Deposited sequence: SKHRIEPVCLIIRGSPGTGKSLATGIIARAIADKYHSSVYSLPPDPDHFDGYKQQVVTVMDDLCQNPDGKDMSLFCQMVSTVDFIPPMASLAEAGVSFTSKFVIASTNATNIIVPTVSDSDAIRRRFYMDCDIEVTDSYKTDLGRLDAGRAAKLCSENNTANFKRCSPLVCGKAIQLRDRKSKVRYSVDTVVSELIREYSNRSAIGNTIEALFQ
């Protein structure tokens, strides 16, 4: 009765650094490549109201100051069945199918993080030491990106880059949405192949 383990990225950084933008954009890149929307979870999640099998789920400020969420998140990313709590009985009993889970913590178990990354602000866009949001938001003239319709220093790597703690590698918003898509495509390719033989 079961499914493929969602691909997961945690972005880690001290506040003010643009973590929630990083996830908003990444999530919706991915969501758009699959012709879907983003389901965006409030902090201290209790109920999943709004969840109608969106392709990506984003968790903001995961693990704030009693470990409910790490137990909620642990059944979001697995192959076991998970049917999340809902407030109104009208939509209760829907299965949690999201292919990706994007999330952010603060700065300073893991196995389900396909990628575990630090957010970093490059210095032209650093500000009195946290990001300059209006000046990094304004749009690049060129677009070299794999995943976007038009570009901006949040996407490029100009303002913010993502640094994976496990592999030491740098990414941008754009290349990591490409790396999250590749890895899932790997996973579905296998599973769909092996599911095929038992239907």
- Query: Quick one: where does the model skip the deposited sequence?
  - Reply: 1, 67, 111-122, 143
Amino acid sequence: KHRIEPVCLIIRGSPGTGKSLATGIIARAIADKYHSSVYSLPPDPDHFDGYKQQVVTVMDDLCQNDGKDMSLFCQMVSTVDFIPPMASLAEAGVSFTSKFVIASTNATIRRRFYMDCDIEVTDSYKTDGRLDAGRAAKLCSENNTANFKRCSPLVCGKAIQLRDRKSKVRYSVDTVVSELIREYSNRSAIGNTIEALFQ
From here on, numbers count along this sequence of modelled residues.
- Going by the entry, of stretches 11-19 and 179-187 the one with greater average Cα B-factor is 11-19
- Query: Which has the higher mean CA temperature factor in the PDB entry, 36-44 or 66-74?
  - Reply: 66-74
- When the entry's CA B-factors for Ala90, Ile102, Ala107, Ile119 are compared, the highest one belongs to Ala107
- Item | Candidate set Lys158, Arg28, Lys166, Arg150 [ranked by C-alpha B-factor, highest] | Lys166
- Message: Is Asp132 in the lowest, middle or highest third of its chain when residues are ranked by C-alpha B-factor?
- Response: highest
- Query: What third of its chain, lowest, middle or highest, does the C-alpha temperature factor of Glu142 fall into?
  - Reply: middle
- Message: Using only modelled residues of the chain, where does the Cα B factor of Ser95 rank: lowest third, middle third or highest third?
- Response: middle
